[PDB]
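Written out below as structure tokens is the structure these notes cover.
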Amino acid sequence: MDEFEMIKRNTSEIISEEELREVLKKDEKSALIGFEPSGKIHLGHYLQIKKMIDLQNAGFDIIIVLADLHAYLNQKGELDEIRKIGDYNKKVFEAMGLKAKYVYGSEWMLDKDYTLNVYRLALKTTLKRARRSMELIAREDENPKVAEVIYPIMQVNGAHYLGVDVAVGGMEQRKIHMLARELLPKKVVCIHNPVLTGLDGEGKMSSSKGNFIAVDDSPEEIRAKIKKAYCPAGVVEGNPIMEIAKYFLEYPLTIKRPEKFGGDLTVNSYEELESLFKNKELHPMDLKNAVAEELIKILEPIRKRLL
Ligand SMILES: N#Cc1ccc(C[C@H](N)C(=O)O)cc1
């Protein structure tokens with residue numbers, strides 16, 4: 001539609017936009033996203049869930065894969081310890097306002113029929129394509145393990161096992177999604193979300209990096225992290241404060257600032273906040289204060305539920 005544009009909104013690419021339109025014409029449609037369990041669920045994760053919500057509202061049946069086996073394979077720790085992290089993740093996503101079927105990797109990824117197809121894919125996959133597909137995913141290892149090349153082929157097969165019409169991931173999943181489109185009999189539509197900039201300006205919002213706003217973060221933590229964050233005046237590109245404002249805030253918005261500092265600015269859209277920021281009219285402190293307070297209101301239900 002419409003459904004199309006709502007879905008295309010705030011994504012980096014759709015492989016392929018055309019095939020997405022075709023899928024939308026169907027009465028029955030399915031979509032998945034998978035996540036390696038992570039102790040902290042941040043704004044990078046929420047952005048993607050909002051995308052699922054968008055697909056959910058467009059008629060898609062949503063599947064969330066808690067990929068405990070992939071994280072095991074990607075050296076995140078012990079299988080039982082990762083499933084418990086995955087139990088917590090389900091609860092967080094179950095607070096984010098999306099009705100979806102939740103599924104653990106370790107349930108069906110050890111199925112005889114599953115395992116059999118993984119081996120069939122291993123025969124079709126070159127070690128070079130499997131190694132290349134993992135560059136932006138693999139935990140830095142000085143001596144690459146056999147688990148590294150099993151990881152993409154198991155991810156590829158999940159889209160097949162589940163029978164999804166669409167696979168959703170961040171931009172770093174692009175190569176595994178490209179592999180999936182070459183190894184599977186049914187080509188799946190691949191929707192890619194942008195990579196959120198970390199709070200310190202360092203590329204990606206990451207759980208192990210400590211430069212993220214977690215969805216369960218208390219108001220004081222949100223204010224503190226927003227305060228220390230990279231946000232020089234006039235810069236929009238790679239500004240994490242500006243990115244949160246783009247992706248998470250509802251517009252029109254009003255920035256409650258001191259009367260002597262310029263009054264009170266009411267912002268019609270993100271792009272209005274953009275031109276005001278780029279043109280020194282809105283100081284970083286004022287932007288920070290408004291962003292912190294709005295974020296506190298948006299994640300208030302998530303936070304509230306998780307206790
Ligand atoms: N089916 C299926 C499936 C989809 C995604 C993943 C994890 C993914 N590589 C991630 O980084 O989030 C694992 C399994």
Side-chain angles (χ1 to χ4, degrees), residues 10-16 32-52 64-77 82 85-86 89 105 109 118 121-122 124-159 164 166-184 188-214 230 237-238 240 243 247:
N10 294 315
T11 60
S12 289
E13 62 177 6
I14 306 172
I15 303 143
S16 80
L32 71 70
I33 193 167
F35 304 102
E36 271 184 49
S38 161
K40 290 255 168 276
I41 292 294
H42 49 84
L43 298 176
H45 302 277
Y46 190 40
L47 179 73
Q48 300 221 71
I49 301 299
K50 289 181 86 135
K51 191 51 58 196
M52 307 314 285
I64 311 294
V65 190
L66 311 162
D68 55 357
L69 209 61
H70 279 272
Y72 180 65
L73 284 187
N74 206 200
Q75 316 169 25
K76 302 273 171 286
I82 296 169
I85 293 162
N89 291 10
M109 299 180 188
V118 165
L121 292 187
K124 291 155 181 288
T125 319
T126 57
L127 287 156
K128 183 165 62 270
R129 295 277 273 107
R131 267 226 71 251
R132 221 163 278 252
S133 76
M134 291 294 283
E135 310 304 14
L136 309 178
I137 301 177
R139 191 86 153 271
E140 197 170 346
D141 199 327
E142 61 301 319
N143 308 296
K145 305 295 180 294
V146 169
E148 202 208 69
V149 299
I150 290 151
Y151 184 123
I153 65 165
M154 288 205 351
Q155 181 167 327
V156 163
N157 196 43
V164 301
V166 167
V168 170
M171 279 294 273
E172 72 291 325
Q173 309 293 333
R174 198 158 124 82
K175 294 205 171 184
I176 299 180
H177 282 172
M178 275 175 64
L179 244 181
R181 291 175 56 90
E182 293 197 22
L183 306 171
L184 306 183
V188 305
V189 177
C190 298
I191 300 169
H192 307 306
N193 293 291
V195 172
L196 264 209
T197 300
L199 295 173
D200 45 16
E202 214 171 294
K204 185 241 185 190
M205 188 124 150
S206 165
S207 304
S208 66
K209 288 213 263 174
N211 64 339
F212 61 91
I213 280 159
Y230 170 73
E237 114 273 312
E243 286 176 13
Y247 299 124

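No hydrogens, no waters, no symmetry mates; every other heavy atom, side chains included, goes into these values. Throughout, numbering of the chain's residues begins at 1 and tracks the sequence.
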- Worked check of side chain to side chain contact (heavy atoms under 4.5 Å, CB included) between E148 and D141: CA-CA 10 Å; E148 202 208 69; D141 199 327; 6.0 Å; no
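- Between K204 and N211, the closest heavy-atom pair is O-ND2, 3.3 Å.
- Counting non-hydrogen atoms of neighbouring residues, nucleotides and ligands closer than 6.0 angstrom, the NZ atom of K145 exceeds 12 such neighbours.
- Interatomic distance, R181 CZ to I15 CD1, rounded to the nearest 0.5 Å: 7.0 Å.
- Heavy-atom minimum distance, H42 versus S206: NE2-CA, 4.3 Å.
- Side-chain N or O atoms of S207 include one that pairs as donor or acceptor with a backbone N or O of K40 at under 3.5 Å.
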- Task: Show the numbers, then the answer: is there a side chain to side chain contact (heavy atoms under 4.5 Å, CB included) between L136 and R174?
- Result: CA-CA 10 Å; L136 309 178; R174 198 158 124 82; over 6 Å; no
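- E202 CD: 12 or fewer foreign heavy atoms inside a 6.0 Å radius.
- Side-chain contact between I213 and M205: present, with at least one pair of heavy atoms (C-beta onward) separated by less than 4.5 Å.
- Heavy-atom minimum distance, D200 versus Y230: C-CB, 3.7 Å.
- Under a 3.5 Å cut-off, the side chain of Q48 and the backbone N or O of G170 do form a donor-acceptor pair.
- Residues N10 and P194 share a closest heavy-atom pair of O-CD, 3.3 Å.
- Here the closest non-hydrogen pair linking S16 and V189 is N-CG1, 4.1 Å.
- The CD atom of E13 sits 4.5 Å away from atom NE2 of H192, with the distance rounded to the nearest 0.5 Å.
- For CD of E140, the number of neighbouring non-hydrogen atoms (other residues, nucleotides, ligands) closer than 6.0 Å is 12 at most.
- Interatomic distance, CG of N74 versus CE of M134, reported as 4.5 Å (0.5 Å rounding).
- Taking every heavy atom of both residues into account, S133 and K175 meet most closely at CA-CB, 3.6 Å.
- The CG atom of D68 lies 10.5 Å from the CD atom of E36; values are rounded to the nearest 0.5 Å.
- The CD atom of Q155 sits 12.0 Å away from atom CG of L121, with the distance rounded to the nearest 0.5 Å.
- When the shell of 6.0 Å around CD of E237 is examined, it contains 12 or fewer heavy atoms from other residues, nucleotides or ligands.
- Under the side-chain hydrogen bond (donor to acceptor under 3.5 Å, both in side chains) criterion, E182 pairs with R129, sequence neighbours left out.
- Between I137 and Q173 the shortest side-chain heavy-atom distance falls below 4.5 Å.
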- Query: Where do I176 and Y151 land on the side chain to side chain contact (heavy atoms under 4.5 Å, CB included) test, with the steps shown first?
  - Reply: CA-CA 9 Å; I176 299 180; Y151 184 123; 4.0 Å; yes
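- Within a 6.0 Å sphere centred on CE of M178, heavy atoms belonging to other residues, nucleotides or ligands number 12 at most.
- One distance of note links CZ of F35 with CD1 of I49; it measures 3.5 Å at 0.5 Å rounding.
- Within the 4.5 Å cutoff, the side chain of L196 has heavy atoms near those of the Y247 side chain.
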